[PDB]
Amino acid sequence: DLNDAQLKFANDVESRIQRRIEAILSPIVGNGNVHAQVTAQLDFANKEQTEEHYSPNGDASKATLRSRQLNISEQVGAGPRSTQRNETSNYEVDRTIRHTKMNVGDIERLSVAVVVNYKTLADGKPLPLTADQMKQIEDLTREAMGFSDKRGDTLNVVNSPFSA
Amino acid sequence: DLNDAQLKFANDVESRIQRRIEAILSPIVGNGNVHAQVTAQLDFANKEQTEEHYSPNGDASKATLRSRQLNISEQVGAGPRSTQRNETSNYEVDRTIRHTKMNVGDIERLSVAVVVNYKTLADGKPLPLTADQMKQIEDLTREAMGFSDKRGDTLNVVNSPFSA
Amino acid sequence: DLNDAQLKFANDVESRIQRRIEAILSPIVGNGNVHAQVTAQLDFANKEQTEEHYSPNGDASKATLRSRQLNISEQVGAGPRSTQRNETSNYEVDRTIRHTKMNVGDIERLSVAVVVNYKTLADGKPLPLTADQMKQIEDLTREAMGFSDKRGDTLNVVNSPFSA
Amino acid sequence: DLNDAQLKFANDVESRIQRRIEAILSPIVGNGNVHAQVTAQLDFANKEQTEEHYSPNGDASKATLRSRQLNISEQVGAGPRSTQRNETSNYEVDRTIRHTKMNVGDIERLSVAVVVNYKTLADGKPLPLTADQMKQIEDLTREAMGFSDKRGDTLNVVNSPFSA
Amino acid sequence: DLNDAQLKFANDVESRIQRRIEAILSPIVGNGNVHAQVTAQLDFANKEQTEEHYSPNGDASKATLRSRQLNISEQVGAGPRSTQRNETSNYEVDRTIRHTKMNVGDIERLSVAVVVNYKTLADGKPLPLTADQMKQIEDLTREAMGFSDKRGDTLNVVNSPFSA
């Protein structure tokens, strides 16, 4: 029931990422000379979070006060000195409440496998690509897939001649 | 259901960013001599936040007072001196409450992949572009995509001859 | 639903900024010899804010009083002196409450990409523009776009010959 | 909905400022020899403010009193002197409450771009204008646009020959 | 009843992972020259979790205070010294409540078995593959299956000639 809807959601996301990669990889490598497939680890767990933050007021310069009683006594007779300080302070503090409801269906970790073809010249020899072109393909695929390191995304692009 | 609506929202945003990039990249590079694709990491999490800020009043110059009782006693007989100061102060403080409801569907991180063609002169030789022109394309794409560093936007523009 | 309305709002704002830029850039550069595209980062977050400000009254010259009790005693017998001052003061303070509801749909950051053509004389040679003319175009575009530094606006105008 | 009404309001304000500038710039520069465009940053945020002001009464000359108790005692026996002064004062203070509801749709910052043509004499040579005439145009545009420094208004008028 | 639905859910997930692997393994190894099967250990246990986190306030620099009473007494007569410090502090602490409902049907551990064929040249000799090609197949399968180490995923790809 709901599981099938989630699976179809994942399939559509993967297909659209695949198409976005193919769109940029087509003009330079050529139609059919590139194949990519995407798998997506998604987030279907309902989470609700409330965050409370208090600004520190331990420093007297940023401390906000409402009432303060400072009783000071010094009975000098060091000799028979007698110092007494009774201090009472009531503070008002900065407060920030944030309520967050995470979206259901977010992407947790995306791994993408891309395979490119060789280059057959007018003679027909399948000449492999170069390192610079491979780096360009890797960068383009990283851009298309929305590659990020916080998610833990992995990308692998290899070059090999396609079968007949 | 709602996930499909969010996905269509993302697709429309990406398509419009793509079209905006293509619009400026067309007059100089030429029709079809430029291809770009956009992926968008969006924000579909409902967040509500209330912020409270208190202006500090620790300095006597900016401190606002309502009532103040200052009892001072000095019984000089340092000898048998006896100083006593009882101070009570009630303050009124500046207060700022901000209530914020973040919009659903905002952009978190935008990465854009752009590929340009080579230059075929009247002879037909695919002459590659220059560094200055590449920098101009990068700047134009950054302007079109709304490039920002707080979001974490990444842009990659590479030059390569298009396939037939 | 609402997201589409927000997107159409952004598109209309961007189109009108584009048209305003084109309107001034047309008479001097010429029809079609200028192309500009605008992207707008907008504010669709409902914010409500209440601000309270108290005027400081720590200086006796600007302090407003309602009731004041000053008991002073000096029993001179420094010898066996005995000074005692009990002071109680009730103040009235200036107060300013400001309630603000920010508009939904305001502009946060505007970045604009403008491209101009070269100058083809009667012979037909595409002569590039000059530095003074480029500075004039930059100033005119800044004026049209409502360029501001608090928002974080970025503008890029480059000169390049248009393709056929 | 409301955003479109606000945008149309901004467009009408900008168009009327443009027409006012054109009206004075026409008789001297000539019909069509002047083009101006206006952009307006407006205020669509509902603000409500209540201000309370108390006149200071720390000086005995401007202090208004309702009741005053002054107990003075001097038991001279400096010797065994004993001075005691108990003073209680109740004041009445001046008070001014101001309640302000700012208008929705006010102008925050106006920037205007104006371009003028060259002067083609009977021979047809496009003779540029002079510094005095440019200063006069700048002053007239500042007057028409309602130029102010508190708002942060910026004006740019440049001279360049119009294209065919 | 529900068990059959869960089993069909597992079968669909396994089939889609199998198809994703086959899709990338087809262009290089060839149609039919690759066979893969997937088994999935799934999560059909309903879990609900509430998390509470308190920011530490043991350091006086990050400690937020509401009321503080500090009575200090020093009766010097080390001699007959008498120090007494009574300190009472009330703190306000940061608080974060997270409520999480894990999705039913998540993947716990995925193990995948892939078998590839040999290479029969024009002569017909079944030449085995190379180490580099095997490593490429392993990497592609890891990318397709969403291989992760936290889950405990295991992958085994072996090379052997297919039977008639």
# chains A, B, ... in the order shown; residues from 1 in each chain; ligands from 1
>>> closest_atom_pairs(of="chain C", to="chain D", cutoff="8 Å", atoms="only C-alpha atoms", output="tab-separated table")
residue	atom	partner	partner_atom	distance
C:9	CA	D:3	CA	7.3
C:20	CA	D:37	CA	6.6
C:23	CA	D:37	CA	7.3
C:24	CA	D:37	CA	6.7
C:27	CA	D:162	CA	5.1
C:28	CA	D:162	CA	4.7
C:29	CA	D:163	CA	6.7
C:30	CA	D:163	CA	5.3
C:60	CA	D:58	CA	6.0
C:61	CA	D:58	CA	5.5
C:62	CA	D:56	CA	5.0
C:63	CA	D:56	CA	5.5
C:64	CA	D:56	CA	4.6
C:65	CA	D:57	CA	6.4
C:66	CA	D:91	CA	4.6
C:67	CA	D:90	CA	4.3
C:68	CA	D:89	CA	5.2
C:69	CA	D:88	CA	4.3
C:70	CA	D:87	CA	5.1
C:71	CA	D:86	CA	4.2
C:72	CA	D:85	CA	5.0
C:73	CA	D:84	CA	4.3
C:74	CA	D:83	CA	5.0
C:75	CA	D:82	CA	4.1
C:76	CA	D:81	CA	5.0
C:77	CA	D:80	CA	4.2
C:92	CA	D:54	CA	7.0
C:93	CA	D:54	CA	6.6
C:94	CA	D:53	CA	4.8
C:95	CA	D:52	CA	5.0
C:96	CA	D:51	CA	4.4
C:97	CA	D:50	CA	5.3
C:98	CA	D:49	CA	4.3
C:99	CA	D:48	CA	5.0
C:100	CA	D:47	CA	4.4
C:101	CA	D:46	CA	5.2
C:102	CA	D:45	CA	4.6
C:103	CA	D:45	CA	4.7
C:105	CA	D:3	CA	7.0
C:136	CA	D:158	CA	7.0
C:139	CA	D:156	CA	7.1
C:140	CA	D:113	CA	5.8
C:143	CA	D:113	CA	5.5
C:144	CA	D:39	CA	6.2
C:145	CA	D:39	CA	7.3
C:146	CA	D:111	CA	6.1
>>> write_last_selection(atoms="C-alpha atoms", output="PDB file, in the first residue's frame")
ATOM      1  CA  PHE C   9       5.405  36.255  -8.616  1.00  0.00           C
ATOM      2  CA  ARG C  20      13.469  48.226 -17.007  1.00  0.00           C
ATOM      3  CA  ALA C  23      14.493  50.204 -21.663  1.00  0.00           C
ATOM      4  CA  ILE C  24      17.482  52.385 -20.757  1.00  0.00           C
ATOM      5  CA  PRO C  27      18.555  53.968 -26.846  1.00  0.00           C
ATOM      6  CA  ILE C  28      22.361  54.073 -26.596  1.00  0.00           C
ATOM      7  CA  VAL C  29      23.458  50.434 -27.388  1.00  0.00           C
ATOM      8  CA  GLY C  30      20.604  49.856 -29.863  1.00  0.00           C
ATOM      9  CA  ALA C  60      19.954  62.696  37.046  1.00  0.00           C
ATOM     10  CA  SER C  61      19.417  65.402  34.398  1.00  0.00           C
ATOM     11  CA  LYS C  62      17.131  63.315  32.153  1.00  0.00           C
ATOM     12  CA  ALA C  63      15.570  61.244  34.965  1.00  0.00           C
ATOM     13  CA  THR C  64      11.828  61.693  35.462  1.00  0.00           C
ATOM     14  CA  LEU C  65      10.582  61.216  39.020  1.00  0.00           C
ATOM     15  CA  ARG C  66       7.219  60.652  40.689  1.00  0.00           C
ATOM     16  CA  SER C  67       8.181  60.287  44.360  1.00  0.00           C
ATOM     17  CA  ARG C  68      11.463  60.755  46.193  1.00  0.00           C
ATOM     18  CA  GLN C  69      12.334  60.240  49.864  1.00  0.00           C
ATOM     19  CA  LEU C  70      15.730  61.526  51.034  1.00  0.00           C
ATOM     20  CA  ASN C  71      16.530  60.985  54.718  1.00  0.00           C
ATOM     21  CA  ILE C  72      19.845  62.606  55.686  1.00  0.00           C
ATOM     22  CA  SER C  73      21.467  62.377  59.118  1.00  0.00           C
ATOM     23  CA  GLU C  74      24.835  63.712  60.314  1.00  0.00           C
ATOM     24  CA  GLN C  75      25.678  63.250  64.010  1.00  0.00           C
ATOM     25  CA  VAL C  76      29.097  64.876  64.403  1.00  0.00           C
ATOM     26  CA  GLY C  77      30.684  64.238  67.794  1.00  0.00           C
ATOM     27  CA  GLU C  92       8.788  57.164  35.094  1.00  0.00           C
ATOM     28  CA  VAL C  93      10.477  56.090  31.870  1.00  0.00           C
ATOM     29  CA  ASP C  94       9.910  56.736  28.186  1.00  0.00           C
ATOM     30  CA  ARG C  95       8.451  53.758  26.354  1.00  0.00           C
ATOM     31  CA  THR C  96       8.119  52.952  22.645  1.00  0.00           C
ATOM     32  CA  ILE C  97       6.323  49.824  21.417  1.00  0.00           C
ATOM     33  CA  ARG C  98       6.668  49.066  17.706  1.00  0.00           C
ATOM     34  CA  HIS C  99       4.690  46.251  16.086  1.00  0.00           C
ATOM     35  CA  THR C 100       5.857  45.235  12.614  1.00  0.00           C
ATOM     36  CA  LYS C 101       4.461  42.690  10.150  1.00  0.00           C
ATOM     37  CA  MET C 102       6.939  42.221   7.308  1.00  0.00           C
ATOM     38  CA  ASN C 103       5.518  41.947   3.805  1.00  0.00           C
ATOM     39  CA  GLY C 105       7.262  38.551  -1.200  1.00  0.00           C
ATOM     40  CA  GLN C 136      28.207  53.948 -18.091  1.00  0.00           C
ATOM     41  CA  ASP C 139      26.026  52.464 -13.692  1.00  0.00           C
ATOM     42  CA  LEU C 140      22.780  52.460 -15.685  1.00  0.00           C
ATOM     43  CA  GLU C 143      20.348  52.214 -11.219  1.00  0.00           C
ATOM     44  CA  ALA C 144      17.718  50.162 -13.059  1.00  0.00           C
ATOM     45  CA  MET C 145      18.114  47.040 -10.915  1.00  0.00           C
ATOM     46  CA  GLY C 146      17.941  49.021  -7.677  1.00  0.00           C
TER      47      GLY C 146
END
>>> atom_distance(atom1="atom CA of residue D:142", atom2="atom CA of residue D:21")
8.9 Å
>>> calpha_fit_and_write(fixed="chain D", moving="chain A", output="short mmCIF file (atom, residue, chain, number, x, y, z; two decimals) with C-alpha atoms, in the first residue's frame")
data_model
loop_
_atom_site.label_atom_id
_atom_site.label_comp_id
_atom_site.auth_asym_id
_atom_site.auth_seq_id
_atom_site.Cartn_x
_atom_site.Cartn_y
_atom_site.Cartn_z
CA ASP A 1 -3.25 38.11 -5.35
CA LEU A 2 -2.16 40.92 -3.04
CA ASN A 3 1.38 40.69 -4.43
CA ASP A 4 0.12 41.57 -7.91
CA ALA A 5 -1.71 44.60 -6.52
CA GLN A 6 1.48 45.73 -4.77
CA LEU A 7 3.47 45.25 -7.99
CA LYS A 8 0.95 47.28 -10.00
CA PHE A 9 1.13 49.99 -7.33
CA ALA A 10 4.92 50.07 -7.72
CA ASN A 11 4.62 50.17 -11.52
CA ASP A 12 2.22 53.13 -11.41
CA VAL A 13 4.46 55.05 -8.99
CA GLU A 14 7.52 54.41 -11.16
CA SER A 15 5.67 55.41 -14.34
CA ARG A 16 4.45 58.67 -12.80
CA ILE A 17 7.94 59.57 -11.56
CA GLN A 18 9.25 58.80 -15.06
CA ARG A 19 6.61 61.03 -16.66
CA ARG A 20 7.33 63.87 -14.23
CA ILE A 21 11.03 63.71 -15.11
CA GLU A 22 10.29 63.57 -18.84
CA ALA A 23 7.92 66.55 -18.61
CA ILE A 24 10.65 68.96 -17.48
CA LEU A 25 13.43 67.30 -19.48
CA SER A 26 11.45 67.62 -22.73
CA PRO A 27 11.29 71.44 -23.33
CA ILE A 28 15.06 71.99 -23.14
CA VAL A 29 16.57 68.66 -24.43
CA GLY A 30 13.72 68.04 -26.90
CA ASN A 31 11.09 65.35 -27.54
CA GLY A 32 12.74 61.87 -27.73
CA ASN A 33 16.15 63.29 -26.85
CA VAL A 34 15.61 62.10 -23.32
CA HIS A 35 14.75 58.69 -21.85
CA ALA A 36 14.36 57.87 -18.15
CA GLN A 37 13.32 54.80 -16.15
CA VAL A 38 12.49 54.60 -12.44
CA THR A 39 12.62 51.71 -9.97
CA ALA A 40 11.07 52.03 -6.50
CA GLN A 41 11.75 50.07 -3.33
CA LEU A 42 8.43 50.28 -1.48
CA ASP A 43 7.14 49.59 2.03
CA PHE A 44 4.33 47.02 2.29
CA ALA A 45 4.93 46.14 5.96
CA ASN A 46 2.19 47.08 8.43
CA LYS A 47 3.76 48.88 11.41
CA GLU A 48 2.06 50.20 14.55
CA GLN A 49 3.91 52.29 17.11
CA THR A 50 3.05 53.87 20.47
CA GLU A 51 5.48 56.43 21.91
CA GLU A 52 5.56 57.69 25.51
CA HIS A 53 7.71 60.67 26.55
CA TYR A 54 8.29 62.04 30.05
CA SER A 55 9.69 65.52 30.58
CA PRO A 56 12.65 65.43 33.00
CA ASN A 57 12.03 66.89 36.45
CA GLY A 58 15.47 66.56 38.07
CA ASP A 59 15.89 70.34 38.26
CA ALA A 60 13.97 71.98 41.12
CA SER A 61 13.00 74.91 38.86
CA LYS A 62 10.91 72.85 36.41
CA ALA A 63 9.72 70.25 38.95
CA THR A 64 5.98 70.15 39.58
CA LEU A 65 4.93 69.07 43.07
CA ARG A 66 1.73 67.87 44.72
CA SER A 67 2.87 67.16 48.29
CA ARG A 68 6.13 67.80 50.10
CA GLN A 69 7.20 66.94 53.65
CA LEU A 70 10.45 68.48 54.91
CA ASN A 71 11.44 67.58 58.47
CA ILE A 72 14.57 69.47 59.58
CA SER A 73 16.33 69.01 62.92
CA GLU A 74 19.55 70.60 64.21
CA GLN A 75 20.58 69.78 67.79
CA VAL A 76 23.78 71.77 68.33
CA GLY A 77 25.56 70.91 71.57
CA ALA A 78 31.93 71.09 65.35
CA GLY A 79 31.18 69.65 68.77
CA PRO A 80 28.26 67.28 69.31
CA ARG A 81 26.26 68.55 66.35
CA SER A 82 23.33 66.51 65.04
CA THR A 83 21.71 67.42 61.72
CA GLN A 84 18.78 65.44 60.34
CA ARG A 85 16.76 66.20 57.19
CA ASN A 86 13.91 63.90 56.09
CA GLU A 87 12.50 65.03 52.73
CA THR A 88 9.60 63.37 50.88
CA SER A 89 8.37 64.76 47.56
CA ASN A 90 5.58 63.64 45.23
CA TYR A 91 5.82 64.95 41.67
CA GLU A 92 3.51 65.36 38.68
CA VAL A 93 5.20 64.93 35.31
CA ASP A 94 4.42 65.97 31.75
CA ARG A 95 3.28 63.09 29.57
CA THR A 96 2.91 62.73 25.80
CA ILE A 97 1.47 59.58 24.20
CA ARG A 98 1.77 59.36 20.42
CA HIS A 99 0.10 56.55 18.48
CA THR A 100 1.25 56.14 14.88
CA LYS A 101 0.09 53.78 12.13
CA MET A 102 2.50 54.00 9.20
CA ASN A 103 1.00 54.00 5.73
CA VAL A 104 1.32 50.85 3.62
CA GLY A 105 2.96 51.53 0.28
CA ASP A 106 5.46 54.25 1.21
CA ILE A 107 8.72 54.69 -0.70
CA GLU A 108 11.93 53.48 0.97
CA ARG A 109 14.64 54.06 -1.66
CA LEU A 110 14.31 55.49 -5.17
CA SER A 111 16.99 55.08 -7.85
CA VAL A 112 16.54 56.65 -11.27
CA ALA A 113 18.47 56.15 -14.52
CA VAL A 114 18.28 58.94 -17.12
CA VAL A 115 19.96 59.00 -20.53
CA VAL A 116 20.10 62.03 -22.83
CA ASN A 117 20.96 62.35 -26.52
CA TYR A 118 23.66 64.36 -28.28
CA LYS A 119 23.04 67.61 -30.18
CA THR A 120 22.95 67.32 -33.98
CA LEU A 121 23.29 70.78 -35.52
CA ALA A 122 22.09 71.85 -38.96
CA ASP A 123 25.18 70.17 -40.43
CA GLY A 124 24.31 66.96 -38.55
CA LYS A 125 27.37 66.53 -36.31
CA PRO A 126 26.37 64.95 -32.97
CA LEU A 127 27.88 67.58 -30.68
CA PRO A 128 27.89 66.45 -27.02
CA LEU A 129 26.39 68.63 -24.29
CA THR A 130 28.33 70.78 -21.81
CA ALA A 131 29.08 70.39 -18.10
CA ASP A 132 26.73 73.22 -17.10
CA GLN A 133 23.84 71.70 -19.05
CA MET A 134 24.56 68.29 -17.51
CA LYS A 135 24.50 69.83 -14.03
CA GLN A 136 21.19 71.52 -14.85
CA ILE A 137 19.73 68.19 -16.00
CA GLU A 138 20.97 66.52 -12.82
CA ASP A 139 19.38 69.22 -10.64
CA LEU A 140 16.08 69.06 -12.55
CA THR A 141 15.97 65.26 -12.26
CA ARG A 142 16.74 65.47 -8.54
CA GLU A 143 13.87 67.93 -8.11
CA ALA A 144 11.45 65.81 -10.15
CA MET A 145 12.31 62.51 -8.45
CA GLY A 146 12.01 64.02 -4.97
CA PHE A 147 15.66 63.25 -4.25
CA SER A 148 16.44 62.79 -0.56
CA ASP A 149 19.48 61.59 1.39
CA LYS A 150 17.62 60.00 4.32
CA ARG A 151 15.96 57.55 1.92
CA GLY A 152 19.26 56.79 0.20
CA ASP A 153 18.26 57.88 -3.29
CA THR A 154 20.76 57.46 -6.13
CA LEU A 155 20.63 59.29 -9.47
CA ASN A 156 22.75 58.71 -12.59
CA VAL A 157 22.45 60.84 -15.74
CA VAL A 158 24.82 60.08 -18.62
CA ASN A 159 25.15 61.64 -22.08
CA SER A 160 25.46 59.42 -25.16
CA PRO A 161 24.29 59.54 -28.80
CA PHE A 162 21.09 57.61 -29.45
CA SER A 163 21.11 54.74 -31.93
CA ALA A 164 19.11 54.79 -35.16
#
>>> select_by_dssp(residues="chain E", states="strand (DSSP E)", output="VMD selection string")
chain E and resid 34 to 43 48 to 54 64 to 75 83 to 92 95 to 101 106 to 116 119 to 120 126 to 127 154 to 159
>>> select_by_dssp(residues="stretch 99-144 of chain C", states="alpha helix (DSSP H)", output="ChimeraX atom specification")
/C:131-144
